[PDB]
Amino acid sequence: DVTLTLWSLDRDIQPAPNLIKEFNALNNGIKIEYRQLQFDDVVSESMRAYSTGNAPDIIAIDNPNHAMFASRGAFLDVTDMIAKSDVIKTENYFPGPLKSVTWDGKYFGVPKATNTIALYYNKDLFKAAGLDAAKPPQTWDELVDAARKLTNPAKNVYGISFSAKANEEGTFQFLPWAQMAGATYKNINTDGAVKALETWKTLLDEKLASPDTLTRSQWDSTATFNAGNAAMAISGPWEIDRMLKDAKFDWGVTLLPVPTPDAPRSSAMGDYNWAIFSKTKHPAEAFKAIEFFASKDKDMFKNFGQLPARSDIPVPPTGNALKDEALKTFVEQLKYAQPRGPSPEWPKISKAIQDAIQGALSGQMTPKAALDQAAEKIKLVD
């Protein structure tokens, strides 16, 4: 056999290792060895691997990081193999995910999946609070007020869970709030972004969200919602299949609340892309693996609760009512997602935003000063 190696963050529950086991069972003369990426310095580790000759054949890379690798020659130009393939057609893909694998008029990967974040809510806790579980909050004011009502320390319940972690988690979570209020990563210090960050300060200062929001991932925050310790959670569709098993209450999912009545919806485009490292010894076989993964996209939601990056395969209902309502909400919120970049310097942009969030939420800097600082850094890097 040709043996390939593949790196991804995906858990044993999530697509990559399962798709690999299925692929390997084909006995087609190619075998894939999986390694789950550890430690949250994926980008630097993977570039260092590439530079030293330790890179895998295939990686699932977060979409905002793609351009850094593509621009630096680390990824194989798959333009011609995509063209030749009938399994992978660029016309099948949503435009934002497709653009994220592109650099200088070439394709340097194939989208794996797409997502964004939305607002999960525990309908049983809404009901017990005297709220209307059919009417979740629509505006930031409503969201904060609901969170105040639902915060019940005597019962170990925070009103909301989210992530402000000093890595991509925090940037991905914060950008929707800034964007809805009129800002972007290219202009992150508008009055509306300050209001967004003041709103996050309210959630922490008033103890409506755990202090651990400053250091905890979206996945680990949402575990607290699933256990009944947070009444609402901002997270993505990657939570659904675990939530169905773990949450022992009735729940819904709605669009992210907007800053003033009828202000616009917005959020950041999530999820990963497949890529082949440029010095692979097995380019054709690596690409055939990716073709196999793409051929399973039609089953991704039903099997993993994740969403393909494709307009050719609109996602059908599963038959599970909670999951199917979640699907509706995420498909709707996805219509408002915006790309982080393209930028070969995304990590530096994101670090500036992370530091602003940490500075304001810790009380070390005012929200205005924190975001002004970020905007000056971003001007230089971007």
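The numbering used is simple: start at 1 and walk along the sequence shown. Between two forms, the rigid core is defined as the largest C-alpha subset superposing within 1.5 Å.
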Higher-deviation stretch (C-alpha RMS, rigid core fit) in 4 other deposited structures of this protein, choosing from 159-167 and 288-296: 288-296
Rigid core superposition result in 4 other deposited structures of this protein, more deviant of 126-134, 78-86 by Cα: 78-86
Which of 193-201 and 256-264 has higher mean CA B factor, as the PDB entry lists it: 256-264
Mean C-alpha temperature factor, higher of 32-40 and 324-332: 32-40
Top Cα B factor in the deposited entry, candidates 113, 233, 157, 83: 83
B-factor third for the C-alpha atom of residue 20 within its chain: middle
Residue 124 by Cα B-factor - lowest, middle or highest third of the modelled chain: lowest
Chain-wide C-alpha B factor ranking for residue 62, given as lowest, middle or highest third: lowest
Residue 225 CA temperature factor, ranked by third within the chain: lowest
Position of residue 173 among the chain's modelled residues by C-alpha B-factor, lowest, middle or highest third: lowest
